[PDB]
Ligand SMILES: CCCCNC(=O)[C@H](C)C[C@H](O)[C@@H](N)CC(C)(C)CC(=O)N1C[C@H](C(=O)OC)Cc2ccccc21
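Chains as they are written, first to last, in the UniProt record's numbering: chain A, 70 to 232, 237 to 406; chain B, 70 to 232, 237 to 406; chain C, 70 to 232, 237 to 406; chain D, 71 to 231, 237 to 406; chain E, 71 to 231, 237 to 406; chain F, 71 to 231, 237 to 406.
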């Protein structure tokens, strides 16, 4: 085909990156994370009870104010690394980046506050495959590629650092104005899932971990780079950080000195320098700085897997290949 | 009539201002915000489940320990700017400031933690009109004025700054020992709602906003001065603050220098100096100070409306006129 | 008998102290607080909905993966000082410290986020008596003592300060390598509850409170030393601290100077020096330090009672006597 | 039967200002109320934006004001740290809830220093006419003639680093002091100065035995002394001049003497607390004291001037009937 | 049709470094890019762990690198604060997305001081060959011969205390400046120095009337001057040398002059903001300024050197075609 | 078969005290345990509240104590920073879990300075009898005669800025050291001092070549030296005396030498870390060092005294059988 498109995203604390789509005719405008870690679309409903406080706080979809809605009704529960949202299915037209498709998505009427009361975004747009789509509902990407319109079955992400542009996706391509050198692709391990083989993690200078090959899910809808508790713990122990309940942290004087960590994907080595991983808002002996790596256990559906989220993409411009099933990396500029 | 009365309130972080009432015979004592932004009375129930953690944390009303209770039973759901509480109706005698009335109020059995786990008060006393009373239940004020007892159908609020007196309401009047100059009244725009016409907001020195007339609900039960997201955003942009999810904030060195904001109500101009709006607990280049203005969207029931809460009353002693439907302002001393 | 045993615990912020047990055959491993303030065992279920976010975050018990489970099914709701958990009963073998017993415990399917989203532990092991066991379910201790195996019907706690060993329980005894001088016992006030008579609290140098005898529940599963709001308030007022919603706090320069507080239990006096009570992470005029005493109201089941939690045990190694119903104290080393 | 309080801002314990409206409808500005002078001045639009000080502070815009009443007589106002020069004009200034018509000055020349540091825009003098530059009738005098206040008095309260302070024109507010005041009489009308009979550092009358003068200034931050008496004192405090400011070590703070200003026949005492600025107790850091030398000139000065430092201590009441000053403990 | 940006780290506004890979597969290190020199050096495994500086920093390990190409000619590199000594070797260094083969040095002797304070491991010179120690062809020259860049240019952007900075080798990135540049021409090829025609503190050309030299160094943190001209300036700022560094009081910050570097026929101005390090506005504390004397030696030096301080101000473009430097406001 | 540890508080790394009970039922107070002296003293009710130091600290109230046993012989206790004067009395003091009867002093005259800075109430000497003022049998000697301890030994552990420290009377706790100790022998019984054979700043034996003395004081915060040797050292550290305390710049911290105390034939080394107080790495701020001159008098002093600074380093064991001191790395 020959259309190319991008949505443009907003970067929030480097921890949450959202763009906009419009459901419905008159469009309802919601803010959303474009997630390769799942395959479903949902936004909050008007039918959600406001005794859930997150629904008091995000925009809701009213469909009886939509000329193009179309009733469905099956229940659908989404489980994620880190919260469930439950709700029901519906269809209407959704506009992502000037491309309009009629997508089947979920209207959530149960929206847990933790974490969702802390989300600046409204829902989620899974960029995943049919395979991981609860309810076996076609996903936006597969639908846009039906439309015969893109010049390539590729979408790419640019995540920026923070305080113009917060990020950018491009559908049907890759803006070469935000990467350099070449791209390097790792073919998908099974398919119907963005999982890649990962050959080893070096902290400093040696394979402390990942050592006989592991899995690396490349996930845009994740903020941190994470691994199992068990190798998280270990990496942690090296680097020298404590546990504060949900994140590790180092004293900030120590900060600009943690070694580099490396990620060995296809004969290349993705290294992250200490600043790319620590959230330095001090350099002070008395104050705690947390790092951008975490523990997360994702179950055998697909995990155990290391997940490479924002930490990572923010350094390496990523393009996700459909035509060919693989992922490629190149250096963000 | 010729009684005058006041409750005396406690000021919490300048963000939450509560007094005490007693329901029931033997009184049960609950702490409450006196709210002109709504018209209903509710307190938590004993019948509330303690799996809602806010009910584990506030006092509950047991009515089978009340000689004067009187069964009702309709359900009633309260929606507010910022949380829902749901529950059922009941009647008992309520004592506000030495005046005893038998009021129909709600027993809440669903109490959302966010925000209510952070409330120092137990419930709410709407000071609003029958009109905005869910369930079309008479409100305390209308009942006290039935009692034939006040010398005037007026109540007034004094909110203090913080660390004696945290505030004070006076029923049937106004203590002139806490205002100066004269009062200035703005008549109520429609009636059955404390809404007034508001002619323009100046940040600095020019009408950046409110410009062709807007609405200003004067609300005692609100802590911040707020407007729609859309003009909030804009004011914000001027003044120079960021967004931290729920509030804006400025670096504190910048702090004692944000310009003044003005509120144009009836040919007078309500100005707030920078200190009246910023919560300065630092003056430091490295630390964030949040401001006392926020975004809040209140729906067409009554909003879009700017809401003038504590920020505002704390500077201008406010009296709310019943006899004559209007609001008057005077300078708190 | 002649076995003695200890579990070893982890100390988290001096505020939460957990050890490990294994339910089920293959063991499922959960982390738990050993609580003398209650008498029931529970851990989270797999059957818990993940729309409760605390269940997404703690390990769950699957029993259909347990060869030795045994179905029960009665509902059981646990109310505590500070949250409810609700769930259902089950039996399987539980291993505490190398001792294996088959215990009837609860599988929680409702787990409130606040507080449980902030708990590093998974459930609880009540060390209390049959008497306070909801559902009149035998407790682990009574079962282990059935097993005929301990040399004494005693368990003891060592809580450590913080950043080797975080703590230690010993079943059937007391490690003399962690106390000094002698032990001193206060016999249990009624029995079927760890409550002791408490003769007076001195702040500084005089009985400000507790003065005509009061109750002191000795509770390991509590972090702070607390009393009723009403005498908390008062003690507070002396010492000189404010209220921040849930804790009091003092300015930290003031910090290393609050007087000592004394606890008069059986002709001895338990004194706590200012550092044992304040959480000093500054000494600065501009910053707030909170203290390790709180208000808590526990209802007439057993309260009003002062509760002596971690604050206290951390200074005085405590042994709880079964054989003889009493409690003894000795100085932790 | 009136009284008018005005609420004050405290910026760092070093400046306390509050607000006024000049004009109709009123143009509002941050003013410092001083017992130090007698003239009212706010910055002017006619102020060149060449002066940063004028670029960054609010300007009075005269025709945006209906009561404006031209005068243009040129004024220079030399304080004891700062000349600003400008021109006389007229209007209504509303202070508290009072509404007065006064002659104020519109400044058009502001020094960056000291003023790019002031956080308020101007100054309101609570001083006599004798000290006014232009013998321009000041605002308390003008006010005291409307007949409305309840007393020819005006007090001050200033907080420690909440409120900030308050002026109560017309009387006092008891909510802020403890005790009953003691007055100490005006050494001569014209200036808010009294006679002080000995500054006793620590234990024994060290300095100023044998009287001297203390002006009482609501518009200064420190307790000032002349350079050398300051030297003598400090030498005694055990502090040393660092670079700028004298210093003592955090630790050392709590161990310092008390100074007591013998005055009026009663000894007014302050402590280490009271005069030292404790951003720490760190033996590892240095602490500033809130007492600074200030040599001011021959009629007024040479004199001690009891500033925010002393006022933070004792609530003050300036009294015009009796041309006396009272002091009670501030609370 | 290329360009290559490299992203920079800012440590305290005092050092900005970014990364490089030496080797195959590439061994990556934190480098400072300097207009100050012309040689590339990273620490060596052969560095004795006797030198802390070598114990704590990353070492180049040559046989862990297939392209390694021995040379061993001994180098000493004397900068204007720091000699490090080492030996010549070969390899491929990849910078941005470029991939070059260069002769770099493996240092084996590092001074603790200054280096146990550097946070990056080495240095990359963007200076001429004439200034290279060994007349060793530098990395921009080597690069400019692959034919790939889009222009014989390389610019710098450095943030205030987020990104940090960027080099854009080959051209400029507009996203970071406002305006159109003005060049000011190389006083003679060989060094990145220009002629400056007057440093005017505050209002009137105080110093350097009558030209002088300013080297433009991407690798220095401050604006340096010689000792006494620094003295003269500061004397004028009203600062005083404390112990180490000159100081001014927080308060006093915002009141200081502006310095403007007259150069190229255009006046390049900085302010108080621009040159003072404001960890406070506290009248109760002292503030460092980001301008420091630096006497450097006779051919190069004596000269002014416009460091991170000036670069933070004006985005820079070093231009090799035209052997000129451009400046636009940084944004 | 006993041992008795006592848990210590660390206030700023500058004081470590712990608790004692004097009386029946025991009246408990914060004491510093010193190897510096030999007498036990807590403040007295009979202390006049004229002395702030006595107003703010806990007082021993003798008849609130059944074992009280009057004596009234007047004591003055002159330390090397502080005389306090008082009177001898009797009672039972319980320390750890031991319960001893001793003669302590009830102080009635406390100096504000140094004491309005102490945070504990008194002092417990772990020194010999020879050094006791009154030749009053000290608490370790009295204790060592109940027959109960396991060894004529008592050690110390002090944390970096959690626990704080511990004394273990009777023996050592391995949980806090690594390694096996090495003793270095008492230059003469009477005092806890040894002979030190050279203080080598940085690399070469700079000072004290040719022996000198080091008292080992559990009750001092720093490593002290005499004034001029301190001068010589520091001069070498590159620090300068600021006002009070010597200073070095944050940045500069990590670059400083190591000092190593040659003693006992083994070299006891500390580093920059070890002796510098790093409230920052800011090149923008100044840092204090934990080594301070302290000229103490002719028999005892002149001598070096290895304080909290050195003890924080090496865990210490004072040994009375063998009248020797051991040191192992603290952990
Ligand atoms: C059932 C389909 C999902 C199965 N798989 C997963 O859940 C995978 C492994 C995780 C899934 O992609 C995650 N990243 C998507 C979510 C939305 C749950 C991530 C997530 O919760 N967030 C990511 C947002 C984000 O990181 O943007 C980059 C940040 C955030 C803020 C507040 C609440 C949630 C939230």
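Just so you know, even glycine gets a beta-carbon here, dropped at the ideal spot from N, CA and C.
Three-state secondary structure (DSSP) at residue 368 of chain A? Reduced to three states, the DSSP call for residue 368 of chain A is strand.
Near ligand 1: residue 383 of chain A beta-carbon under 6 angstroms from a heavy atom: Under cutoff, so the answer is yes.
Give me the Cα-Cα distance between residue 161 of chain B and residue 150 of chain C, rounded to the nearest whole angstrom. The straight-line gap separating the alpha-carbon atoms of residue 161 of chain B and residue 150 of chain C is approximately 29 angstroms.
Counting only Cβ pairs nearer than 7 angstroms, list the residues of chain F close to residue 215 of chain A. Residues of chain F with a Cβ closer than 7 angstroms to the Cβ of residue 215 of chain A do not exist; the shortest Cβ-Cβ separation is about 58 angstroms.
Using a Cβ cut-off of 7 angstroms (strictly closer), state whether residue 155 of chain B contacts chain A. Residue contact check for residue 155 of chain B against chain A: a CB pair falls below 7 angstroms.
Run the CB neighbour count on residue 315 of chain D, radius 10 Å, all protein chains shown included, and call it buried at 16 or more, exposed below. In summary, residue 315 of chain D is exposed, with fewer than 16 beta-carbon neighbours lying within 10 Å of its beta-carbon over all protein chains present.
DSSP three-state call for residue 189 of chain A: helix, strand or coil? Coil.
Taking 6 angstroms as the cut-off, is the beta-carbon of residue 390 of chain E closer than that to any non-hydrogen atom of ligand 1? Not under cutoff, so the answer is no.
Own chain partners of residue 286 of chain F with C-beta closer than 6 angstroms, once the 5 adjacent residues on each side are dropped: Counting only residues of its own chain and dropping the five nearest sequence neighbours on each side, residue 286 of chain F has a CB closer than 6 angstroms to the CB of 270, 272.
Please name the residue, chosen from F:335, F:92, F:175, that lies closest to residue 289 of chain F on a Cα-to-Cα basis. Checked all of F:335, F:92, F:175; the closest Cα to residue 289 of chain F is F:335.
Quick check on residue 262 of chain D: does DSSP put it in helix, strand or coil? Correct three-state label for residue 262 of chain D: coil.
Backbone CA spacing between residue 377 of chain B and residue 283 of chain B [nearest angstrom]: Computed Cα separation, rounded: 12 angstroms.
Taking Cβ positions only, does residue 221 of chain D come closer than 7 angstroms to chain B? With 7 angstroms as the cut-off, residue 221 of chain D does not count as an interface residue toward chain B.
Buried or exposed by the 16-neighbour rule on C-beta atoms within 10 Å, applied to residue 82 of chain C: Exposed: under 16 other Cβ atoms inside 10 Å.
Would the C-beta of residue 150 of chain A count as close to ligand 1, meaning under 6 angstroms from any of its heavy atoms? Yes, Cβ of residue 150 of chain A sits closer than 6 angstroms to a heavy atom of ligand 1.
Determine the direct distance from the alpha carbon of residue 355 of chain D to that of residue 343 of chain C, and round the result to whole angstroms. Those two C-alpha atoms are separated by around 32 angstroms.
Please look up how many angstroms separate the CB atoms of residue 110 of chain B and residue 209 of chain B, rounded, as I've assumed it's under 8 angstroms. Sure, about 6 angstroms apart at Cβ, within 8 angstroms.
Helix or strand or just coil, what does DSSP make of residue 169 of chain C? In the structure shown, residue 169 of chain C sits in a strand (DSSP, three-state: E or B).
Would residue 392 of chain C pass as an interface residue toward chain F - the criterion being a Cβ-Cβ separation below 7 angstroms? No, because no Cβ of chain F sits closer than 7 angstroms to the Cβ of residue 392 of chain C.
Proximity test, residue 358 of chain D beta-carbon vs ligand 3 heavy atom, cut-off 6 angstroms: Absence of ligand 3 from the depicted structure is noted, with ligand 1 being the only ligands included.
Amino acids of chain A, ordered along the chain, whose beta-carbon sits closer than 8 angstroms to that of residue 369 of chain C: Simply none; closest approach about 22 angstroms.
Going along chain F in order, which residues have a C-beta closer than 8 angstroms to the C-beta of residue 312 of chain D? Neighbours of residue 312 of chain D on chain F: none; closest Cβ ~12 angstroms, over 8 angstroms.
Check: residue 102 of chain A C-beta below 6 angstroms from any heavy atom of ligand 1: Within the chosen limit of 6 angstroms, ligand 1 reaches the beta carbon of residue 102 of chain A through at least one heavy atom.
Just verifying my parser: in three-state terms, what is the DSSP assignment at residue 134 of chain B? Looking at residue 134 of chain B - three-state DSSP - the assignment turns out to be helix.
Is residue 330 of chain E buried or exposed, if buried means 16 or more other CB atoms sit within 10 Å of its CB? Sixteen is the threshold: when 16 or more other Cβ atoms of the shown chains lie within 10 Å of the Cβ of residue 330 of chain E, as they do, the residue is buried.
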